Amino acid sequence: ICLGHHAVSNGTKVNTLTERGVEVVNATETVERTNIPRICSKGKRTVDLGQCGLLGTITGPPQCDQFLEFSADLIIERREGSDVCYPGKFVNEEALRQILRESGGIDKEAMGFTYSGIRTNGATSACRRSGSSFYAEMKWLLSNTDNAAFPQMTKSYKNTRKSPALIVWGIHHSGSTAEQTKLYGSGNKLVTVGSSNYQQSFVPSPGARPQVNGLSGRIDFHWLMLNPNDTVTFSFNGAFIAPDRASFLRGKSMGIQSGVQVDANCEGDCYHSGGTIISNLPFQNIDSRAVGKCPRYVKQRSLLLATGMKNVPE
């Protein structure tokens, strides 16, 4: 009587500590290469920002009018998104983006700033609604009439809620010193902001910039995170874009950047710009910058694990 083992005519070559190309009966893949070209959002509160930029949801350009108090488990940024209507940018923009991606959405609250002695309805044609408008969450403070001066002002906001408040203001840089005088008067302007963690004033800076949306002026957007019961104060004399409403983080979420469609038919926890990685394998060779709960990225496109015995045919 003889006893032995099984074999097959065509097996699968694998690699070991000793050799490279050992035929085995059966083998399975450990590195994931199959990608779903969609954002699998089944069972998640998903907010596709589209033409609205993530930071815009705090300031409120016309493309973000419907995202001012969004709520999400998954936030998707798009390439066509824009944070601004009037040309400008944020200082510490990427840190604010990373804050807003895991915020779970935002909840706005009126800061209750009232004014006496200045104008408050600055608008422009770049922020188009019915006619010429402005950032929905901001207010463009100007002088009363034909130029004239801007009185030294001091406004204070106290965070009465138990979570940190996101405060965002703006410094206007006109196309010239003549336009800066026309808006807020002559002389050096100075905007001071302080709290318990914060301590930084700003100075305007008029001058000609390249025309974006046919406009040469720029608006610098700045932000700080007030703590509960902590108070922030602004001491400004012009070139100031005042905050009307403060923001509060709702809870928790995840943020991704993608260019593929949303699919509520598949579920996935690993996302990249090209879609969703749905796999049980421990490794993947699709995108090293994938985020969420992913298999670990490796450079090898294939690593075959032996699931059968050594194959020795006749």
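Heads up: residue numbers just count along the shown sequence, starting at 1.
**Q** Decide which of the stretches 80 to 88 and 179 to 187 has the higher mean C-alpha B-factor, going by the entry.
**A** Result: 179 to 187.
**Q** Compare the mean C-alpha B-factor of 19 to 27 with that of 291 to 299 as given in the PDB entry, and name the stretch with the higher value.
**A** Stretch with the higher mean C-alpha B-factor: 19 to 27.
**Q** So if I compare the CA B-factors in the entry for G104, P151, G217, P164, which one is the largest?
**A** By C-alpha B-factor in the record, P151 ranks first.
**Q** Looking at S71, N197, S133, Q98, which has the highest CA B-factor as recorded?
**A** Going by the entry's C-alpha B-factors, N197 comes out highest.
**Q** Sort the modelled residues of this chain by their C-alpha B factor and say whether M225 lands in the lowest, middle or highest third.
**A** It falls in the middle third of the chain.
**Q** Taking the chain's C-alpha temperature factors as the reference, tell me which third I75 falls into: lowest, middle or highest.
**A** Lowest third.
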